[PDB]
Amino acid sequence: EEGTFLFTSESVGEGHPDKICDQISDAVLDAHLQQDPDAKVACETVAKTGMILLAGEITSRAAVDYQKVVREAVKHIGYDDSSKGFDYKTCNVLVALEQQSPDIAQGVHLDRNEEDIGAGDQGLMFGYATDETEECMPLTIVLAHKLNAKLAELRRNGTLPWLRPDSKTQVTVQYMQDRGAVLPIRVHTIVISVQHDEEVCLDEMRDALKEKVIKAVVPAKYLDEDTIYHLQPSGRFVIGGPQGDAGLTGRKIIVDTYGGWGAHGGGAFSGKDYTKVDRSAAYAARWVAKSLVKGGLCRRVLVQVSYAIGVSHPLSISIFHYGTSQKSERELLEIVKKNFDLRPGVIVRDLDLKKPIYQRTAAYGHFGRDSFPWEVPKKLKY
């Protein structure tokens, strides 16, 4: 119908090779933070057949056993046997980690008061919130994440023992306009691809994916006789994980955020401590956006911030409310400036960003879940 449109988002499972890397990078970060809350961490992970490589820069007082940390993360994901294509017990773990560049350290944080630490890099970051779900997230990405979580649940509980950890999902929703906001109408198309054992047949998989995965996740009111299902569309997915496709940290940044809604500034989250504004300022911007929506000021909002390396205050803060506020964007920006301090050395205090909770963020999206500090709205004064 006129005024309607389709929009698609995707998500991936815990054993998707890029997500393996994000989780390992954040397991490394958490291990450092457990011993040194001020650790400077920039840990990239690369995964291919039989290999996890850590590359990057860490300056920390912690003593971290990288072999143990990496292998325990892979064990948790479920890659525990050569029959599955990857095994935490027997893979190669290679480490190419150096100290943080002293030139960066001197320009960012050396001899600086914590509240006045400089941004760890330049960059731009966005925060988004939408009233279309209680958790202020787009329905497309929420459903896509939940489909992957359901696969992992049914794998771990033994219901569908042919499942393996590598999966991808994609959800297309038909939306209608509503005064600048968007309203989901129906699910138009669902894709699910998941790695599987050599014995199970395609028809058994497709039936299970429809009846035990989709129907257990997606409300029936969104599904109808016209909904299109692409279930195991490649026909065979026995080879998977890093053996099927190289993984790298920071290659699922749209899955990690809003599924394509809002906007993205390009920076990856995993493997980075709070001085890297790619993560901390994106978390703070989500917190601002969600606070504006939960505060009743907007129904939908996009916030941009930006930084220069070594400079503590943002270079720019901007807000767009899609026509969903009675207040001008100028007024909302004044409210934001009166209620939030987006220096990284203040964000760290407000969002408790030295705490080792980051591995938990590294699958199923960083936003919309589990009442992390950036998901608890701030009560606004104005």
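Residue indices: 1-based, along the sequence shown.
Relative to its counterpart among 21 to 29 and 362 to 370, 362 to 370 has the higher mean temperature factor, C-alpha atoms as listed in the PDB entry. Look at the mean CA B-factor for 135 to 143 and for 216 to 224 in the entry; the higher one is 216 to 224. Set against one another, the Cα B-factors of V255, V74, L231, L160 in the record reach their highest point at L160. If you compare the C-alpha temperature factors of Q195, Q177, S270, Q122 in the entry, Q177 comes out highest.
For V64, the recorded CA B-factor ranks within the highest third of the chain. Only modelled residues enter the ranking. When the modelled residues of the chain are ordered by C-alpha B-factor, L110 sits in the highest third. Per the deposited record, the Cα B-factor of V277 falls in the lowest third when ranked against the other modelled residues of its chain. Among the modelled residues of its chain, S83 has a C-alpha B-factor that falls in the highest third according to the deposited record.
When the CA B factors of the chain's modelled residues are split into thirds, the value for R236 lands in the middle one.
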